[PDB]
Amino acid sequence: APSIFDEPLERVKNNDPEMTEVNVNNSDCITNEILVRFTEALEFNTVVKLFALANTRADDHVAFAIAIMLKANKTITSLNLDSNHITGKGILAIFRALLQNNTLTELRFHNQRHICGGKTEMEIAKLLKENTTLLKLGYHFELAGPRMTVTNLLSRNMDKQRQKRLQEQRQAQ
């Protein structure tokens, strides 16, 4: 029973050099199994820069798969998880994976079905301390402490990566 996602999934699996994004945002036809299949196909894909699956009913199982994938994938720079069913458990799995990923620069997960809660926000801020490459975090923190801490950490990271880009440019100047 071939779905409409067969071709894009197989392009990812083939490392199609023209398949530079996977954007399945708003796909009413997609399933959690297909989302996991895309996620596993991305582990060793070296082309895709964006994985966007906003508003696809993605749940914690999809987020766990994504966390695993982020430990392998060195190519995706932007990940859109907005408007799904992911809980603090899924979000924290991803921030734990970001302890072992230095290439993702944008993560967003606005408007989940349920807020993640203050305890999760605190642990997000703690985990982010250890990652110096995330530059954009699309989430509005309910608690001010995590909110301002994360804002300061993203600024830290932006400053650090600008320093590293100048250094790299100067290196062969």
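For every residue, the number given is its place in the sequence shown, counted from 1.
Taking only CA atoms, the mean B-factor in the PDB entry is higher for 138-146 than for the other of 138-146 and 42-50. Between the stretches 19-27 and 153-161, it is 153-161 that shows the larger average CA temperature factor. Comparing the listed residues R108, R37, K126, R57, the entry records the largest Cα B-factor for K126. Of the residues listed, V62, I115, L104, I68, the entry assigns the biggest Cα temperature factor to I115.
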